[PDB]
């Protein structure tokens with residue numbers, strides 16, 4: 001029976017969703033960082049639980065031909081790129097396999113085509129938004145990212161999967177915070193001023209918003225700091241302050257202040273302009289979010305007479321992306337300011353057939369149906385937990401023939417598919433999309449239809 005710090009020769013026989021190698025020794029299932037299937041390693045036992053254990057590679061005996069040798073290990077240990085040590089073609093095959101297995105094991109479905117995962121051509125340097133903690137590390141204010149399962153900042157300048165100009169702004173801000181003697185936040189002490197930096201840069205527009213996330217309102221000589229950072233980065237259009245005075249894992253507090261310029265940037269997606277506030281949700285991989293939405297559009301076979309419900313519409317990106325293709329878009333969104341933003345974004349693009357309600361999806365559907373609206377397509381991008389039975393039955397009660405389910409969690413998608421099948425919908429096609437390349441994340445578009453069943 002294995003002990004911690006034992007060294008055992010194992011063959012890696014599987015890979016978890018989150019990118020851990022799997023070995024099976026002495027009745028236990030071991031999870032091993034930075035170890036790929038068919039690799040043979042000397043494994044250092046780090047921890048033994050009842051049915052599972054944890055290990056480390058002491059030495060590679062056989063390295064996989066699918067290993068990417070050039071990845072800095074910082075990106076695995078920060079969880080920035082959980083699959084970054086796997087060749088990109090095998091990353092895609094793995095995400096495809098996971099979708100297929102979920103549909104079979106959860107929904108009992110084995111006869112539906114699952115397309116190979118849509119990948120990114122140069123799957124690096126892509127995020128249009130940084131959220132970096134600011135902490136003192138080794139006595140110096142640093143920017144970086146937390147080690148996995150911790151709040152220990154790893155100082156980083158190159159974030160691998162982030163816009164390099166954003167990386168440069170974060171470094172310039174780091175150095176200005178140092179020159180101006182501004183103190184980083186200390187979670188244990190609840191001391192200091194600077195908690196986080198959020199930097200958004202338009203993928204297409206290059207417009208930059210700097211958010212200083214601070215514990216207190218007053219930031220000494222911040223006007224001179226702003227004066228100098230905009231000298232280095234004239235593309236900065238907004239310097240915002242968010243005050244978070246709470247002991248919480250949430251990034252943002254309630255109060256926002258504009259210190260310079262605008263309180264938003266403008267960026268483009270599928271040909272439309274979007275005004276993006278500090279706390280708005282906006283896909284960080286614009287290049288692949290465009291392909292994701294294009295996939296749902298293609299699956300739904302959108303016609304100019306279709307009436308679309310954009311369920312959980314946010315600041316409007318999905319419905320406004322399809323608005324030019326369909327008769328009417330009805331968006332439901334629970335957050336009123338998001339509805340405000342989606343109305344502004346419709347107006348900015350002169351889109352007049354997109355209408356938003358702030359309500360629950362069930363109540364909006366009830367009222368829309370009472371108003372005579374006859375939905376024909378529902379586009380829904382549920383949270384990780386999937387849809388409720390109430391939502392599924394309500395969406396089915398609308399009579400909508402096609403439902404494009406944009407999932408960030410294949411497991412809850414397969415569960416929801418089962419109920420839609422009981423309700424008379426057929427699962428027609430499935431397309432995984434690599435929305436977050438180099439990571440574990442599997443995004444899936446599923447087409448459900450009660451036509452031709």
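Every read-out reported here was derived from the displayed coordinates using simple, explicitly stated rules and does not represent laboratory data. Neighbour counts are summed over all protein chains in view; Cβ atoms, including those assigned to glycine, are modelled from backbone coordinates with ideal geometry.
At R0 = 51 Å, how high is the FRET efficiency between residue 191 and residue 47 if r is their beta carbon distance? Nearest 0.05 is fine. Numbers along the way, then the final one.
Working: r = 33 Å, r/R0 = 0.65.
Taking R0 as 51 Å, the efficiency between residue 191 and residue 47 is 0.95.
What 222 nm value per residue comes from the helices of the chain, counting each DSSP H run with n ≥ 4 as -39,500 (n - 2.57) and dividing by all residues, nearest 500 deg cm²/dmol? Intermediate values should be presented prior to the final figure.
Details: 10 runs with 117 residues, N = 453.
Helix contribution divided over all residues of the chain: -8000 deg cm²/dmol.
At residue 262 and residue 397, where each label point lies 7 Å from the Cα along Cα→Cβ, what is the point-to-point distance in nanometres?
Reported label-point gap for residue 262 and residue 397 is 4.2 nm.
Can you give the extra length, in nm with one decimal, that the chain gains between residue 451 and residue 124 once fully stretched, where that is 0.36 nm per residue apart less the Cα-Cα distance? Write out the running numbers ahead of the final one.
On the way: separation 327, 0.36 × 327 = 117.72 nm, distance 3.99 nm.
Fully extending the segment from residue 451 to residue 124 adds 113.7 nm.
Report the extension gain between residue 93 and residue 165 in nm, rounded to one decimal, defined as 0.36 nm multiplied by the number of residues separating them, less their alpha carbon distance.
Taking residue 93 through residue 165 to full extension adds about 22.8 nm, to one decimal.
Quote the relative contact order of the chain in percent (integer), defining contacts as alpha-carbon pairs under 8 Å separated by 6+ residues.
12
Give me the one-decimal nm value for the distance between modelled label points at residue 374 and residue 359, 7 Å along each residue's Cα-to-Cβ direction.
According to this spin-label approximation, the distance is 2.0 nm.
What share of the DSSP beta bridges in the chain is antiparallel, in percent to the nearest 5? Please list the in-between numbers first.
Working: 66 of 99 bridges.
Given both bridge residues lie in the chain, the antiparallel proportion sits at roughly 65 percent.
Applying 1/(1 + (r/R0)^6) with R0 = 35 Å to the Cβ-Cβ distance of residue 220 and residue 347, what FRET efficiency is obtained, to the nearest 0.05?
Working: r = 39 Å, r/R0 = 1.12.
E(calc), rounded to 0.05, equals 0.35.
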